[PDB]
Amino acid sequence: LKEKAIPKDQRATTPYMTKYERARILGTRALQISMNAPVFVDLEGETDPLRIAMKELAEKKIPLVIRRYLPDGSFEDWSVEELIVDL
Amino acid sequence: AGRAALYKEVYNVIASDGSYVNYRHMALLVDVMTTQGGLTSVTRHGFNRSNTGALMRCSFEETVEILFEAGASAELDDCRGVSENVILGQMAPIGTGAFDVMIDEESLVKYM
Amino acid sequence: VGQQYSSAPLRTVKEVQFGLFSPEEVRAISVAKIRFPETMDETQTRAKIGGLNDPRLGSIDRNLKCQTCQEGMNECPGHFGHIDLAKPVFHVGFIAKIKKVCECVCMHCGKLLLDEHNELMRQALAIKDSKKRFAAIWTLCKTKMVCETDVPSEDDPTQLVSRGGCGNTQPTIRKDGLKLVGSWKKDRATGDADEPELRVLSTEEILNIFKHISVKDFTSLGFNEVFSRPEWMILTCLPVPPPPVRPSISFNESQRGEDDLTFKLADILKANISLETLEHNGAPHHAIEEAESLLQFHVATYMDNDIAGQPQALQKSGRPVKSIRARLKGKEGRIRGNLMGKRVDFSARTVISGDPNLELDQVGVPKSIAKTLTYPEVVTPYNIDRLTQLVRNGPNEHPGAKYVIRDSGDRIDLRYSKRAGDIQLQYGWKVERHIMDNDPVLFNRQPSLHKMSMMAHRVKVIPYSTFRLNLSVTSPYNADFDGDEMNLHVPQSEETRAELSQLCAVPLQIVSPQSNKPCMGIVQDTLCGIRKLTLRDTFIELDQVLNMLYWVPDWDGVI
Amino acid sequence: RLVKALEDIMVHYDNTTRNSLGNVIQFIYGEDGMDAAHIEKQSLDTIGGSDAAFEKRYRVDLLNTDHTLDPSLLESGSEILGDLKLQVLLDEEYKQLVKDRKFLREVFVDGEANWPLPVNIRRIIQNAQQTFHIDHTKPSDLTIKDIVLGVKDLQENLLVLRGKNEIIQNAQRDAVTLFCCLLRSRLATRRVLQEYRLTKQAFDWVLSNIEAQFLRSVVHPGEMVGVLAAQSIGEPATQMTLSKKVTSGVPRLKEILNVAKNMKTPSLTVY
Amino acid sequence: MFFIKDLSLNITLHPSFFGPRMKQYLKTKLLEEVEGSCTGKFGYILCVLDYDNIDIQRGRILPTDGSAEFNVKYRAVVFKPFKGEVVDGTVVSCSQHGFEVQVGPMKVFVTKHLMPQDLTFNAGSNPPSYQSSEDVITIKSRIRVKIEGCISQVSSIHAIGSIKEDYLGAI
Amino acid sequence: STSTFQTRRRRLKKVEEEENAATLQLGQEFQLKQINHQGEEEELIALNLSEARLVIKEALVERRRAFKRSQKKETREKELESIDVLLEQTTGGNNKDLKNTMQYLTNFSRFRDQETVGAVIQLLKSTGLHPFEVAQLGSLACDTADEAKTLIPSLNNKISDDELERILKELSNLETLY
Amino acid sequence: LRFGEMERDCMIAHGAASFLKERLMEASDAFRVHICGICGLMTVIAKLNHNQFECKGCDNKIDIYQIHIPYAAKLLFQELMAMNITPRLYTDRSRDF
Ligand SMILES: [Mg+2]
Ligand SMILES: [Zn+2]
Ligand SMILES: [Zn+2]
Ligand SMILES: [Zn+2]
């Protein structure tokens, strides 16, 4: 069996970033920041890596893409740029 | 209707002791007990007989007895459950691990 | 994570296949040559001999030897051994199925009883399940008797078409301890007079019929081609688990210290040597199996020591035996007590006390605990100044650190060392530091019955040896104060801190999905006081009013 | 036992509730797809009351002097009195409420008004009354064309399952049905202008907030429901410190999960 | 003889190099490990064909550390021998036991006891040589070799050669 | 630990490693049918000597172009040093295998021009012969059918001696001078 | 301290996947074993110096994989092997779905 991988259209999952999704992106980024990964947003003077990730998410300058999984094996690709942050 | 009778009875156990519980929780349990056609019991004889992962089933009483008859019937564990990755020490498809997080090189260039 | 770099690429285990050991693979995998039942000791001298445990197997005396592999215990996994058997031995857990297949397949020729020719078998073969299909079969083979040569086809019952051969009668088999007894029919009330025939089904005979079962006849029953041939339910070559499985304790040097399984294997081999010795010597025709059942005993008790047979196969002390099955049984038995629930590092247990001043989320960690508990922080251009000063402060003064990890897998014990006061911290290094204020921590009160009972808390390092928490969080935890103990867990990476501070935080767990209601309420003194305050009868004058207004930290400053 | 029987169960991204093999247990978790933490016991005002008082709170009749809205409530009220085109849209609102009257009585035979439902509507309007500081004397500017259409447009935004075809969109109707009944019960023409005193800015704020809070009240695909459901039943079972003299509590719950042929105390109720 | 084949490599990359041009470093570390590699299955990876448009694909981040795994699909110039292939090359070293003929990046040895009988090893020859009727075999001599056996090593593949058959020998 | 691609599922066994003689029996990786990264079935690309030189050279030349994009803000013996200069400006330096390859490849290149190489392939890949044979014929100096069908014994009965003799004559004609 | 079966369930309920793993790994067992590509058994010789691997019995030096699994799992798999049961470890999906 081949493909699989729903295109950038036909996507039918909640356009809102789930609390589970958001809780990892903020964690994965903050980890990278503390691991000496390049920071995109201008730091106002913050040193805490988790706080930088929260400023990175607010301006949507995070270069990450979530691969949401469906039970059949196929997936949808959503960028944090596309995703709406309510909560 | 048999499911509905079970739920109505389960409710009358908890609700009789001055405690309120939401529909979904009892409704899920009542479904898991009925979905498979008969009445899949919450027992060693019940649900633990189903087609569920071999390594997952073993984490309940029988342990070895399953592991013996799993190798005999040459059962392949899919490792899509909780216990499977828990034993293997990997991140299980659970909430935070229900997906993969990736980096886009093209988008990163835009942010500079 | 296991010391030293690996040139092999790392991946995740997606699938777990469950098969049975093939005797050819057991021989091929291992480098045992295991033959001597004697534990070790090079004729009283230290180190181990080329017999039992060691020959290219796991190391013991903090050495290297391990089939050139080296590494030395830590890092080195357990590679197996193979031991030869004089005669085949039944695997304890399969006795039921071995008997079940024997009643589903006739002896001598070794073929299926019912086929595509007979009905009821058709509806049995159609089911696409592994063991449900195997389960009858069964009853349609339990009738039954006689390996029939020819039966009627899918036409009129007159032209009986033939399939296989061997028109022998099938014995009815019962369970007898560790051996099988088969009772035959005939001889048509003329041969003999009355009684049937009783003989013991020998393992060699049993195995022989199993190795003659057809290719598709494996798959007709609940078995696979290259994974589980019914011939492997019977053991020809037994694998020997390496020292990491059955460790040598070694208290002192001139003493001993071997695990239960090592002695049982020595008893297996001791029994196996005798059966080999008798075979090519003056063997008393049928007094040999009065020692084969003793081999069918040790190999049986080595894997399981809790059967309806009865003898507990006790070690000479009154002690039963720690059989491999017992090592896997529910509660503190590898699966339930060592995999699904583990004893963990970076944790603390102490008595709780109520504090009406700490914030809802806050936890009152004692100074001593904060001194011992450690978080691994990375040296970053955002906190070099914050870390260098902390390292200099030492592991004795509160706001400090106890370890510095370099770029290489190297540990620096700051409490000892020689250059502990100096050190220029480098970009990328890891400094294991103390628990600072506002560090997210997982806080627990066992029994943990809720999504609560395990909440994320803000740390405020405080004097005195008790854990301190807000009174409003007592009902979700429960939790009293009559000598109640509580656990604490500390995260190790920035990623896990988010998982605590964004899903597990106390403020987030206020409203509960349990019953679409808040689970936390203001209880006791504060609940009793809030009533007495909010009465028509009660009033307050300036002196106390101004004080009460200042107690609110979010007061707008407008009286 | 409950926990170990439900471990794998979670709401997947298509809003179905599978286990580990892929077997569907609930097509929409909790038969609605709402997270329990965003729910309050609100009263369905459609069911309660007599047949007479129901008419005195929902029936809008432009074709009557005694049963129309007094032009002191709406600014465009006097020039609407008797319009045929607008009464058709008003009848389509009232005839819907009568359909809801029977629909809810076909579900809740007890006639219990209070039921657990997502999004508080009582407080979402209570704020609007004082956030804008609106007096209970001066009339509104909300046209009937604004009110009745704004509610119908809102129902098209309350998405639980993001659909594309017939089936999912047809199940979408079923998933929100009950919430819509509560929505129409509070945002009816008479209720909006007579009981409350909303202006256009207040009305469009209420709609925009009801819509937004509903999207928060949805289940986030990831919530391990099985474990959450098991602990929600097993925990209140622990605090259980103890004709009605029939197998009550604890061992009764045991018998349920055990599924035994003989009950300790049977008894069947006949009507 | 020479091959163009599609293959991939999985690279683990530290968070530190998540800079503006990681696309550069991914291709750089690819070349550092790939170009010059030698495997028993694929053989001598000589050069990476078609630089640019090397689809790196969207790589996933590791579960514990913020490192990333990239599956890199690329074309490359591949080469490996076979137990019956006939090639030609330049000789290098020479001994009492035979000479070592080099074909590209590969070194193929031919044994004296696998050559024509009428071929002697000269003792006082400088540089060392083999003599026949008029045929001369030294360093610069061009020889066509038949590959008999293939032996794989760490970062090298070697072959036992033969020139006993006709149409081989020297050019 | 490079590899990757075409990897099927070796469910245990596997089995009996096949000997790889001039019987066209090559390792599983090098069959007539193999996939591409586009995801389609394609004939195995068998390079002959001289053609391989152009393949590497073009890849090296078009490498230096993109290698300098970021850096902003003939006659046999003469080709030996020109490639040697090219190596120290694009290759990783320690690729001594490729340095040995290019020196060998440019020396025993039977053809020179992209014009001449093109016509050879058009003649060889029209006979419908199997890939490895096509590469061997356009890399070795062949004059006779017995010189050809005994060095590449896979041919034998696939083509008659007379037909192959013409091809070798049309190869010797198109054989570019040094 | 004890992070028991009850304690695990709460983290599943929270959904904290990385943390549940981090309790079971870096703060507990955490062990690096090597598997063969063909047989899913940790039987390969790991000379982590001269790179020599081998799975003599299946015979190959190329197809090898590194895994991070608990030490109690290593024991579990080995103890089951002593009872003749092979718990094969594969790093790729076969039965699809
Ligand atoms: Mg107490
Ligand atoms: Zn070793
Ligand atoms: Zn027979
Ligand atoms: Zn293997």
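If you're matching them up, the sequences are chains A, B, C, D, E, F and G in order. Take any residue in the first sequence, count from 1 to its spot, add 68: that is its number in the entry's author numbering. Take any residue in the second sequence, count from 1 to its spot, add 1342: that is its number in the entry's author numbering. Take any residue in the third sequence, count from 1 to its spot, add 1: that is its number in the entry's author numbering. When the letters of the fourth sequence are read in order and numbered with the entry's author numbering, they come out as residues 840 to 1081, 1091 to 1119. FYI, the entry's author numbering numbers position 16 of the fifth sequence as 16, with every residue one higher than the one before it. When the letters of the sixth sequence are read in order and numbered with the entry's author numbering, they come out as residues 4 to 76, 117 to 221. Take any residue in the seventh sequence, count from 1 to its spot, add 1127: that is its number in the entry's author numbering. Cβ coordinates follow ideal geometry from the N, Cα and C atoms, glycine included.
The alpha helix (DSSP H) enclosing residue i, as first and last residue numbers
i	result
residue 92 (chain C)	No alpha helix (DSSP H) contains residue 92 (chain C), which DSSP labels as neither H nor E.
residue 273 (chain C)	261–280
residue 955 (chain D)	From DSSP, residue 955 (chain D) is part of no alpha helix (DSSP H) but of the beta strand (DSSP E) over 953–957.
residue 1047 (chain D)	1039–1055
residue 1 (chain C)	In the structure displayed, chain C extends from 2 to 560; residue 1 (chain C) sits before or after that span and is not available.
Residue i beta carbon near ligand 1 (any heavy atom closer than 7 Å)
i	result
residue 481 (chain C)	yes
residue 485 (chain C)	yes
Listed by chain order, chain C residues near residue i by CB distance under 7 Å
i	result
residue 10 (chain E)	10
Closer than 7 Å: residue i CB and nearest ligand 3 heavy atom
i	result
residue 209 (chain C)	no
residue 213 (chain C)	no
residue 83 (chain C)	no
residue 112 (chain C)	yes
residue 169 (chain C)	yes
residue 107 (chain C)	yes
Any non-hydrogen atom of ligand 4 closer than 7 Å to residue i Cβ
i	result
residue 174 (chain C)	no
residue 1165 (chain G)	yes
residue 148 (chain C)	no
residue 1184 (chain G)	yes
Contacts that residue i makes with chain B (C-beta to C-beta distance below 7 Å)
i	result
residue 1001 (chain D)	Result: empty, since nearest Cβ-Cβ is about 17 Å, beyond 7 Å.
residue 1100 (chain D)	1355
Extent of the continuous beta strand (DSSP E) run through residue i
i	result
residue 130 (chain A)	It is not in any beta strand (DSSP E) - residue 130 (chain A) carries neither H nor E in the DSSP assignment.
residue 1442 (chain B)	1441–1445
residue 1413 (chain B)	Element bounds for residue 1413 (chain B): not the beta strand (DSSP E) but the alpha helix (DSSP H), 1406–1414.
residue 417 (chain C)	Per DSSP, residue 417 (chain C) belongs to no beta strand (DSSP E) and is neither H nor E.
residue 1400 (chain B)	Unbroken run through residue 1400 (chain B): none, as it is neither H nor E.
residue 1195 (chain G)	1191–1196
Whole-Å CB distance - residue i paired with residue j, under 8 Å assumed
i	j	result
residue 1382 (chain B)	residue 1388 (chain B)	5 Å
residue 143 (chain F)	residue 89 (chain E)	That pair is no contact at about 10 Å.
residue 883 (chain D)	residue 1022 (chain D)	11 Å between Cβ atoms; not a contact.
Amino acids of chain A, ordered along the chain, whose beta-carbon sits closer than 7 Å to that of residue i
i	result
residue 1446 (chain B)	131, 133 and 147
residue 18 (chain E)	100, 105 and 106
Contact set between residue i and chain H, taken where Cβ atoms lie within less than 7 Å
i	result
residue 452 (chain C)	Here the protein chains are A, B, C, D, E, F and G, and chain H is not one of them.
Under 9 Å from the C-beta of residue i: neighbouring residues of chain B
i	result
residue 1109 (chain D)	Within 9 Å Cβ-Cβ: nothing; residue 1109 (chain D) doesn't reach chain B, min ~11 Å.
Residue i beta carbon near ligand 2 (any heavy atom closer than 7 Å)
i	result
residue 238 (chain C)	no
Subject >> Near-chain G residues of the stretch 32–54 of chain E (beta-carbon distance less than 9 Å), N- to C-terminal order >> reply: The stretch 32–54 of chain E vs chain G, Cβ under 9 Å: 39, 40 and 41.
**OP:** Check each residue of the stretch 509–543 of chain C: if its Cβ is closer than 7 Å to any Cβ of chain A, include it; give the result in chain order.
**Re:** If you check each beta-carbon in the stretch 509–543 of chain C against every beta-carbon of chain A, none falls closer than 7 Å.
**OP:** Can you give me, in chain order, the residues of the stretch 1388–1417 of chain B that have a beta carbon less than 7 Å from any beta carbon in chain C?
**Re:** Here the close residues are 1396, 1397, 1400, 1401, 1403, 1405, 1406, 1410, 1411, 1412, 1413, 1414, 1415, 1416 and 1417.
**OP:** Residues of the stretch 102–127 of chain A with a CB closer than 7 Å to any CB of chain C: list them in chain order, please.
**Re:** Within the stretch 102–127 of chain A, the residues whose Cβ lies closer than 7 Å to some Cβ of chain C are 102, 103, 104, 115, 117 and 118, listed in chain order.
**OP:** Taking a Cβ distance cut-off of 9 Å, strictly less, list which residues of the stretch 948–959 of chain D are near chain A, in chain order.
**Re:** Result list empty, no residue passes.
**OP:** Name, going along the chain, the residues of the stretch 86–103 of chain E whose beta-carbon falls closer than 7 Å to a beta-carbon of chain C.
**Re:** Under the 7 Å Cβ criterion, the stretch 86–103 of chain E contributes no residue.
Subject >> Residues, ordered as in the chain, of the stretch 1420–1446 of chain B that lie near chain A by beta-carbon distance below 8 Å >> reply: Answer in chain order: 1435, 1437, 1438, 1440, 1441, 1442, 1443, 1444, 1445 and 1446.
Original post:
For the stretch 841–873 of chain D, which residues have a beta carbon sitting closer than 7 Å to at least one beta carbon of chain C?
Top reply: Here the close residues number zero.
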